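Undergrad: The structure file final.cif (mmCIF, C-alpha atoms and all ligand atoms) is provided below.
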data_run
loop_
_atom_site.label_atom_id
_atom_site.label_comp_id
_atom_site.auth_asym_id
_atom_site.auth_seq_id
_atom_site.Cartn_x
_atom_site.Cartn_y
_atom_site.Cartn_z
CA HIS A 198 85.95 30.78 95.45
CA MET A 199 84.01 30.47 92.19
CA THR A 200 80.84 28.36 92.47
CA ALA A 201 78.72 27.07 89.60
CA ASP A 202 76.16 29.88 89.65
CA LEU A 203 79.02 32.42 89.54
CA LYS A 204 80.76 30.69 86.61
CA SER A 205 77.41 30.71 84.79
CA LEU A 206 76.87 34.44 85.40
CA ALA A 207 80.35 35.13 84.01
CA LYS A 208 79.71 32.88 81.01
CA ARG A 209 76.45 34.49 79.95
CA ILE A 210 77.93 37.98 80.38
CA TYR A 211 80.92 36.96 78.24
CA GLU A 212 78.62 35.42 75.61
CA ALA A 213 76.32 38.45 75.57
CA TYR A 214 79.42 40.58 74.98
CA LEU A 215 80.76 38.44 72.10
CA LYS A 216 77.31 38.38 70.52
CA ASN A 217 76.59 42.10 70.67
CA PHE A 218 79.88 43.94 69.95
CA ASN A 219 81.06 43.59 66.35
CA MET A 220 84.53 44.81 67.32
CA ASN A 221 86.25 43.32 70.37
CA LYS A 222 89.78 43.19 71.67
CA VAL A 223 90.96 39.93 70.09
CA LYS A 224 89.82 41.12 66.65
CA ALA A 225 91.27 44.62 67.15
CA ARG A 226 94.69 43.38 68.29
CA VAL A 227 94.92 41.06 65.28
CA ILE A 228 94.38 44.09 63.04
CA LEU A 229 96.70 46.40 64.99
CA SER A 230 99.49 43.82 65.18
CA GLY A 231 99.08 43.00 61.48
CA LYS A 232 100.06 39.37 62.11
CA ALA A 233 97.08 37.93 60.19
CA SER A 234 97.29 40.12 57.08
CA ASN A 235 99.72 42.25 55.07
CA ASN A 236 96.78 44.47 54.07
CA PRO A 237 96.69 47.10 56.84
CA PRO A 238 93.85 49.57 57.43
CA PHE A 239 93.90 52.79 55.47
CA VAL A 240 95.71 55.39 57.58
CA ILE A 241 94.09 58.79 58.05
CA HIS A 242 96.91 61.09 59.14
CA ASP A 243 96.21 64.46 57.46
CA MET A 244 93.57 66.38 55.51
CA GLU A 245 94.40 64.72 52.20
CA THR A 246 94.00 61.14 53.47
CA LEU A 247 90.85 62.17 55.35
CA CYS A 248 89.39 63.40 52.06
CA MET A 249 90.47 60.20 50.32
CA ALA A 250 88.74 58.15 53.01
CA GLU A 251 85.64 60.33 52.63
CA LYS A 252 85.39 59.57 48.89
CA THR A 253 84.44 56.09 50.11
CA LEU A 254 81.89 57.41 52.64
CA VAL A 255 80.37 59.85 50.11
CA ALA A 256 76.88 58.32 49.93
CA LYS A 257 76.62 58.20 53.73
CA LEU A 258 77.95 61.75 54.13
CA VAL A 259 75.55 63.03 51.47
CA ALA A 260 72.85 61.02 53.26
CA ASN A 261 73.00 63.62 56.02
CA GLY A 262 73.90 67.24 55.37
CA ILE A 263 77.53 66.61 56.22
CA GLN A 264 79.61 66.41 53.03
CA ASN A 265 80.20 70.18 52.92
CA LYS A 266 80.81 70.85 56.61
CA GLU A 267 84.22 71.65 58.06
CA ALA A 268 86.55 68.65 58.37
CA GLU A 269 86.35 68.76 62.18
CA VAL A 270 82.55 68.51 61.94
CA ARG A 271 82.70 65.69 59.38
CA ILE A 272 85.13 63.67 61.53
CA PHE A 273 83.03 63.83 64.67
CA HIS A 274 79.83 63.19 62.75
CA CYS A 275 81.32 59.80 61.88
CA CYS A 276 82.50 59.34 65.47
CA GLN A 277 78.92 60.04 66.62
CA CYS A 278 77.53 57.39 64.27
CA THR A 279 79.96 54.93 65.86
CA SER A 280 78.79 56.01 69.32
CA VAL A 281 75.14 55.52 68.30
CA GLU A 282 75.93 51.97 67.15
CA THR A 283 77.78 51.17 70.38
CA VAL A 284 74.92 52.55 72.50
CA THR A 285 72.57 50.25 70.56
CA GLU A 286 74.84 47.26 71.16
CA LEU A 287 75.30 48.19 74.84
CA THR A 288 71.53 48.35 75.26
CA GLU A 289 71.22 44.80 73.91
CA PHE A 290 74.16 43.74 76.10
CA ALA A 291 72.55 45.21 79.21
CA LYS A 292 69.21 43.47 78.61
CA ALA A 293 71.09 40.14 78.63
CA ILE A 294 72.63 40.84 82.07
CA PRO A 295 70.66 38.75 84.62
CA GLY A 296 68.45 41.12 86.59
CA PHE A 297 68.75 44.18 84.34
CA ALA A 298 65.53 43.58 82.41
CA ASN A 299 63.65 43.01 85.71
CA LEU A 300 64.30 46.61 86.78
CA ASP A 301 61.79 49.40 86.42
CA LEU A 302 62.07 50.83 82.90
CA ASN A 303 63.00 54.19 84.44
CA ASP A 304 65.98 52.56 86.16
CA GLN A 305 67.05 50.78 82.96
CA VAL A 306 67.11 54.15 81.20
CA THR A 307 69.06 55.80 84.01
CA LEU A 308 71.67 53.03 84.15
CA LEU A 309 72.25 53.24 80.39
CA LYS A 310 72.08 57.06 80.29
CA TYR A 311 74.98 57.38 82.75
CA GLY A 312 76.72 54.11 81.91
CA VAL A 313 77.08 53.91 78.14
CA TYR A 314 79.88 56.44 77.71
CA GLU A 315 81.89 55.01 80.60
CA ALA A 316 81.54 51.65 78.83
CA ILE A 317 82.25 53.26 75.43
CA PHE A 318 85.55 54.81 76.53
CA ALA A 319 86.61 51.62 78.32
CA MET A 320 86.02 49.52 75.20
CA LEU A 321 87.49 52.22 72.94
CA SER A 322 90.87 51.34 74.47
CA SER A 323 90.66 47.98 72.67
CA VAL A 324 90.91 49.69 69.27
CA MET A 325 93.58 52.24 70.32
CA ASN A 326 97.35 52.20 70.50
CA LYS A 327 99.79 55.02 71.24
CA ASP A 328 99.55 56.27 67.63
CA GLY A 329 95.86 56.15 66.75
CA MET A 330 92.57 54.29 66.74
CA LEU A 331 90.75 51.89 64.41
CA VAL A 332 87.71 53.34 62.61
CA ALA A 333 85.12 52.04 60.15
CA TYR A 334 84.88 48.54 61.59
CA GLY A 335 88.66 48.13 61.64
CA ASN A 336 89.21 49.22 58.01
CA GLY A 337 90.65 52.64 58.85
CA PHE A 338 93.20 53.92 61.36
CA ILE A 339 93.03 57.61 62.31
CA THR A 340 96.21 58.92 63.89
CA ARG A 341 96.43 60.50 67.32
CA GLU A 342 98.55 63.35 65.94
CA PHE A 343 95.99 64.22 63.26
CA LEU A 344 93.28 64.47 65.93
CA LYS A 345 95.57 66.71 68.03
CA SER A 346 96.16 68.83 64.90
CA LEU A 347 92.50 69.78 64.44
CA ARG A 348 91.38 73.20 65.61
CA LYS A 349 90.02 73.88 69.06
CA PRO A 350 87.94 72.58 70.54
CA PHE A 351 87.73 69.46 68.35
CA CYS A 352 91.39 68.66 69.03
CA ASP A 353 90.62 68.29 72.76
CA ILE A 354 87.94 65.59 72.41
CA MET A 355 89.94 62.40 71.86
CA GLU A 356 93.36 62.99 73.45
CA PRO A 357 92.09 62.33 77.03
CA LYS A 358 90.57 59.07 75.76
CA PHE A 359 93.95 58.02 74.35
CA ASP A 360 95.48 58.97 77.71
CA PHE A 361 93.02 56.73 79.57
CA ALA A 362 93.41 53.96 76.99
CA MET A 363 97.22 53.70 77.23
CA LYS A 364 97.02 53.18 81.00
CA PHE A 365 94.00 50.87 80.68
CA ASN A 366 95.71 48.78 77.99
CA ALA A 367 98.74 48.34 80.27
CA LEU A 368 96.53 46.09 82.43
CA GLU A 369 96.44 43.50 79.59
CA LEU A 370 92.74 42.69 80.03
CA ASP A 371 91.16 40.25 77.61
CA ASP A 372 87.56 40.17 76.39
CA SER A 373 86.45 37.95 79.29
CA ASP A 374 87.67 40.57 81.80
CA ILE A 375 86.23 43.47 79.82
CA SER A 376 82.73 41.99 79.54
CA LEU A 377 82.47 41.75 83.32
CA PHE A 378 84.01 45.21 83.72
CA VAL A 379 81.50 46.73 81.30
CA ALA A 380 78.66 44.89 83.05
CA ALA A 381 79.83 46.35 86.37
CA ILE A 382 79.87 49.84 84.81
CA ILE A 383 76.27 49.50 83.62
CA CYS A 384 74.89 48.00 86.87
CA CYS A 385 76.04 50.93 88.98
CA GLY A 386 73.98 51.77 92.07
CA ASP A 387 75.36 55.36 92.23
CA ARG A 388 73.58 56.92 89.27
CA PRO A 389 71.57 60.12 89.85
CA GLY A 390 67.83 59.55 90.01
CA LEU A 391 67.79 55.76 90.46
CA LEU A 392 64.64 54.52 92.21
CA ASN A 393 65.35 50.95 93.42
CA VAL A 394 68.86 51.57 94.68
CA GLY A 395 68.85 48.67 97.13
CA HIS A 396 68.04 46.14 94.41
CA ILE A 397 70.53 47.59 91.91
CA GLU A 398 73.28 47.69 94.54
CA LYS A 399 72.51 44.01 95.16
CA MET A 400 72.81 43.25 91.44
CA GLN A 401 76.08 45.21 91.18
CA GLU A 402 77.55 43.37 94.17
CA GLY A 403 77.12 39.97 92.50
CA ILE A 404 78.67 41.14 89.21
CA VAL A 405 81.58 42.89 90.96
CA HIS A 406 82.06 39.75 93.07
CA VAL A 407 82.33 37.63 89.91
CA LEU A 408 84.67 40.23 88.40
CA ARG A 409 86.98 39.93 91.42
CA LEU A 410 87.10 36.12 91.45
CA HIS A 411 87.47 36.00 87.66
CA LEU A 412 90.41 38.43 87.76
CA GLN A 413 92.15 36.52 90.55
CA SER A 414 91.91 33.35 88.47
CA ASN A 415 92.66 34.89 85.06
CA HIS A 416 95.49 37.21 86.22
CA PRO A 417 96.81 35.49 89.36
CA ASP A 418 100.13 37.39 89.47
CA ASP A 419 98.44 40.84 89.23
CA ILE A 420 97.32 40.69 92.85
CA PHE A 421 95.64 44.13 93.02
CA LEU A 422 94.15 44.08 89.50
CA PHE A 423 90.64 44.32 90.98
CA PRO A 424 91.52 47.44 93.03
CA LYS A 425 93.14 48.89 89.90
CA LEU A 426 89.90 48.36 87.97
CA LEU A 427 87.84 49.91 90.76
CA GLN A 428 90.03 52.98 90.32
CA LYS A 429 89.59 52.83 86.53
CA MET A 430 85.83 52.94 87.13
CA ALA A 431 86.25 56.16 89.13
CA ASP A 432 88.56 57.53 86.41
CA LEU A 433 85.92 56.77 83.75
CA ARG A 434 83.19 58.65 85.62
CA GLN A 435 85.47 61.70 85.72
CA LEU A 436 86.50 61.18 82.08
CA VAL A 437 82.82 61.12 81.10
CA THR A 438 81.89 64.10 83.27
CA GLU A 439 84.54 66.20 81.49
CA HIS A 440 83.52 64.83 78.08
CA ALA A 441 79.92 65.89 78.74
CA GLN A 442 81.13 69.37 79.68
CA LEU A 443 83.08 69.60 76.41
CA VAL A 444 80.04 68.39 74.47
CA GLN A 445 78.00 71.16 76.10
CA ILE A 446 80.62 73.77 75.17
CA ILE A 447 80.68 72.55 71.55
CA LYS A 448 76.87 72.50 71.43
CA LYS A 449 76.76 76.18 72.44
CA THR A 450 79.69 77.66 70.49
CA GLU A 451 79.56 75.53 67.29
CA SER A 452 76.59 76.32 65.06
CA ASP A 453 77.32 73.45 62.65
CA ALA A 454 77.93 70.52 65.04
CA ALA A 455 74.52 68.91 65.47
CA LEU A 456 74.01 66.11 67.98
CA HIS A 457 72.43 62.85 66.87
CA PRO A 458 69.01 62.58 68.60
CA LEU A 459 69.90 59.44 70.58
CA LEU A 460 73.07 61.04 71.95
CA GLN A 461 71.11 64.26 72.51
CA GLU A 462 68.79 62.51 74.95
CA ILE A 463 71.76 60.80 76.64
CA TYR A 464 73.56 64.11 77.24
CA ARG A 465 70.45 66.14 78.12
CA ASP A 466 70.46 66.89 81.87
CA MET A 467 73.36 64.49 82.41
CA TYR A 468 75.89 66.19 84.70
CA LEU B 683 62.12 60.16 82.69
CA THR B 684 61.02 57.98 79.77
CA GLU B 685 59.37 60.92 77.99
CA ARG B 686 62.83 62.54 78.05
CA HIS B 687 64.50 59.39 76.58
CA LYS B 688 62.19 58.24 73.79
CA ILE B 689 64.74 56.42 71.62
CA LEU B 690 66.54 54.72 74.51
CA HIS B 691 63.11 53.68 75.80
CA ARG B 692 62.21 52.22 72.41
CA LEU B 693 65.45 50.23 72.15
CA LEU B 694 64.91 48.87 75.66
CA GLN B 695 61.42 47.58 74.83
CA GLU B 696 62.07 46.60 71.19
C1 LIG C 701 82.88 60.48 71.37
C2 LIG C 701 81.83 61.43 70.81
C3 LIG C 701 81.76 61.21 69.29
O1 LIG C 701 82.21 62.75 71.13
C4 LIG C 701 81.51 63.84 70.57
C5 LIG C 701 82.24 64.92 70.10
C6 LIG C 701 81.59 66.02 69.54
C7 LIG C 701 80.21 66.04 69.46
CL1 LIG C 701 79.38 67.45 68.75
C8 LIG C 701 79.48 64.97 69.93
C9 LIG C 701 80.12 63.88 70.49
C10 LIG C 701 80.50 61.08 71.47
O2 LIG C 701 80.15 61.68 72.52
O3 LIG C 701 79.76 60.20 70.96
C1 LIG C 702 87.53 57.52 59.55
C2 LIG C 702 86.68 58.60 60.20
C3 LIG C 702 87.63 59.49 61.01
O1 LIG C 702 85.76 58.10 61.14
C4 LIG C 702 84.82 57.09 60.85
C5 LIG C 702 84.22 56.44 61.92
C6 LIG C 702 83.28 55.44 61.70
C7 LIG C 702 82.93 55.09 60.41
CL1 LIG C 702 81.71 53.81 60.13
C8 LIG C 702 83.51 55.74 59.34
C9 LIG C 702 84.45 56.74 59.55
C10 LIG C 702 86.05 59.46 59.09
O2 LIG C 702 85.61 58.91 58.05
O3 LIG C 702 85.99 60.71 59.21
#
Starting from the file, give its structure as structure tokens.

TA:
Amino acid sequence: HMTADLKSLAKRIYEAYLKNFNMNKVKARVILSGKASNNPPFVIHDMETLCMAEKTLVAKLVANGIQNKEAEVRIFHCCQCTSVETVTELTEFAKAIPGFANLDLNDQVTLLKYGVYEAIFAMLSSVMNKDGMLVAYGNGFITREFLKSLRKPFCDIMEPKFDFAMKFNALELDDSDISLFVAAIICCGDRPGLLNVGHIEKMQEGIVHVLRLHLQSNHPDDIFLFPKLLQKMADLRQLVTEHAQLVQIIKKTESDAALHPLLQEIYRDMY
Amino acid sequence: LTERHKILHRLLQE
């Protein structure tokens, strides 16, 4: 059962999550359901609407050397910028997890290096439905079919994330569940190269324990929701392993698809 | 391992 120290751990993880992530599930579902506004996001569903959307982003695109690259390269330059922002928010989120900042700096780097994209793809589900995903802070909606329509290999990047997201979203998690889930992802004792594995495993056990009790209380009828989420954690590691492999393939065969430096150091020597 | 992750390391200390 859930004692006071455990409720407090769950509360500060939930608060750290609401503070650090501009987009979260309650905000995304309000946009995607369109029940708070008859002004829906601009839909990007083909090359013409992409180019319309990019007339808005012109100064940013011209900021880098991106405005004249292939559409596939422009799209995933913007997706990278989003990833960079989320890594920055996840780093702040992690430092607020009790015990994370006490770790050796090397272990903090390792946890984030291997954790952020598992967390990214888990939280990405919040802004996805079967037909597309919210972009540009919820102001745009880029369709699944348009992403599938791009040329190889750029058309293979997102579809597995949609596939994960549809099954993940069927669990009906709310932000309080997701914050603990993401905290469990980050505080993973398995990561290659970790030094103080005993102490991280200890930290993970407490978070995963709170996750389990929180789920049993918040979703009492879904008896095996915790086992289901354990499996989703395994699925995310495999999702991320394959994503890293695709990023490596693109980095070798695509002269024009540069990697942001922060993501470059995340992917370097990953899997 | 921190030489190989300069930006991450900077955000963590920040
Ligand atoms: C999700 C995303 C944007 O995926 C890609 C795709 C293509 C490239 Cl070149 C780099 C990254 C990421 O990893 O941040
Ligand atoms: C809409 C799309 C596909 O992606 C993004 C992502 C994040 C931001 Cl902030 C702006 C745009 C694009 O403009 O190509």

Undergrad: Could you write out as a PDB file with C-alpha atoms, keeping the file's coordinate frame the residues of chain B within 7 Å of chain A, counting only C-alpha atoms?

TA:
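Saved as result_24.pdb:
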ATOM      1  CA  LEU B 683      62.120  60.160  82.690  1.00  0.00           C
ATOM      2  CA  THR B 684      61.020  57.980  79.770  1.00  0.00           C
ATOM      3  CA  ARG B 686      62.830  62.540  78.050  1.00  0.00           C
ATOM      4  CA  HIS B 687      64.500  59.390  76.580  1.00  0.00           C
ATOM      5  CA  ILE B 689      64.740  56.420  71.620  1.00  0.00           C
ATOM      6  CA  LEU B 690      66.540  54.720  74.510  1.00  0.00           C
ATOM      7  CA  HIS B 691      63.110  53.680  75.800  1.00  0.00           C
ATOM      8  CA  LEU B 694      64.910  48.870  75.660  1.00  0.00           C
TER       9      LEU B 694
END

Undergrad: Enumerate residues in contact with ligand LIG 702 (chain C): an atom-to-atom distance of at most 7 Å, counting all atoms listed in the file. Format the result as an MDAnalysis selection string.

TA: chainID A and resid 241 247 250:251 254 271:273 275:276 278:279 332:334 337:339

Undergrad: Using only C-alpha atoms and all ligand atoms, what are the residues with an atom within 8 Å of ligand LIG 701 (chain C), set out as a VMD selection string?

TA: chain A and resid 270 273 to 281 314 351 354 to 355 440 to 441 443 to 444 447 to 448 454 to 457 460

Undergrad: I'd like the neighbourhood of region 232-237 of chain A as a list in words, where a residue qualifies if any of its atoms comes within 12 Å (using all atoms listed in the file), though same-chain residues fewer than 5 positions away should be ignored.

TA: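 The residues that qualify are residues 223, 224, 225, 226, 227, 331, 335, 336, 337 and 338 of chain A.
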
Undergrad: Mind pulling up the distance from CA of residue 208 (chain A) to CA of residue 386 (chain A)?

TA: 22.6 Å

Undergrad: Quick one: distance from CA of residue 365 (chain A) to CA of residue 435 (chain A) in Å, one decimal?

TA: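 Taking CA of residue 365 (chain A) and CA of residue 435 (chain A), their separation equals 14.7 Å.
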
Undergrad: For a test of reading the model, state the distance in Å between CA of residue 340 (chain A) and CA of residue 242 (chain A), rounded to one decimal.

TA: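 Distance reported for this atom pair: 5.3 Å.
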
Undergrad: Can you pull out the residues contacting residue 379 (chain A)? Cut-off 10 Å, using all atoms listed in the file, and skip same-chain residues under 6 positions away; I want them as number ranges by chain.

TA: A: 210, 214, 287, 290-291, 312-313, 315-317, 319-320, 430

Undergrad: Since the input lacks atoms, please generate N, CA, C and O atoms for region 385-396 of chain A and provide them as an mmCIF file, keeping the file's coordinate frame.

TA:
data_model
loop_
_atom_site.group_PDB
_atom_site.id
_atom_site.type_symbol
_atom_site.label_atom_id
_atom_site.label_comp_id
_atom_site.auth_asym_id
_atom_site.auth_seq_id
_atom_site.Cartn_x
_atom_site.Cartn_y
_atom_site.Cartn_z
ATOM 1 N N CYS A 385 75.447 50.058 87.981
ATOM 2 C CA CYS A 385 76.040 50.930 88.980
ATOM 3 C C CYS A 385 74.939 51.534 89.849
ATOM 4 O O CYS A 385 74.066 52.248 89.341
ATOM 5 N N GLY A 386 75.001 51.273 91.158
ATOM 6 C CA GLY A 386 73.980 51.770 92.070
ATOM 7 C C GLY A 386 74.058 53.256 92.384
ATOM 8 O O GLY A 386 73.154 53.770 93.056
ATOM 9 N N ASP A 387 75.089 53.957 91.894
ATOM 10 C CA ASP A 387 75.360 55.360 92.230
ATOM 11 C C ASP A 387 74.581 56.366 91.394
ATOM 12 O O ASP A 387 74.556 57.547 91.760
ATOM 13 N N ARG A 388 73.981 55.957 90.284
ATOM 14 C CA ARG A 388 73.580 56.920 89.270
ATOM 15 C C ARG A 388 72.528 57.891 89.806
ATOM 16 O O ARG A 388 71.645 57.491 90.570
ATOM 17 N N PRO A 389 72.584 59.162 89.408
ATOM 18 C CA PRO A 389 71.570 60.120 89.850
ATOM 19 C C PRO A 389 70.180 59.681 89.409
ATOM 20 O O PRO A 389 69.974 59.290 88.260
ATOM 21 N N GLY A 390 69.224 59.768 90.333
ATOM 22 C CA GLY A 390 67.830 59.550 90.010
ATOM 23 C C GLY A 390 67.359 58.105 90.045
ATOM 24 O O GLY A 390 66.187 57.852 89.738
ATOM 25 N N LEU A 391 68.222 57.151 90.390
ATOM 26 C CA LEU A 391 67.790 55.760 90.460
ATOM 27 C C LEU A 391 66.748 55.582 91.565
ATOM 28 O O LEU A 391 66.867 56.161 92.649
ATOM 29 N N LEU A 392 65.744 54.747 91.288
ATOM 30 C CA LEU A 392 64.640 54.520 92.210
ATOM 31 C C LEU A 392 64.922 53.342 93.154
ATOM 32 O O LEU A 392 64.972 53.513 94.377
ATOM 33 N N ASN A 393 65.125 52.145 92.600
ATOM 34 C CA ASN A 393 65.350 50.950 93.420
ATOM 35 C C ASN A 393 66.846 50.725 93.625
ATOM 36 O O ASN A 393 67.470 49.820 93.064
ATOM 37 N N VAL A 394 67.419 51.575 94.478
ATOM 38 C CA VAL A 394 68.860 51.570 94.680
ATOM 39 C C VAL A 394 69.301 50.314 95.414
ATOM 40 O O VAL A 394 70.326 49.708 95.077
ATOM 41 N N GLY A 395 68.536 49.902 96.430
ATOM 42 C CA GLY A 395 68.850 48.670 97.130
ATOM 43 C C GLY A 395 68.981 47.473 96.203
ATOM 44 O O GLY A 395 69.958 46.724 96.270
ATOM 45 N N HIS A 396 68.019 47.305 95.293
ATOM 46 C CA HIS A 396 68.040 46.140 94.410
ATOM 47 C C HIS A 396 69.133 46.237 93.348
ATOM 48 O O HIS A 396 69.688 45.209 92.937
#
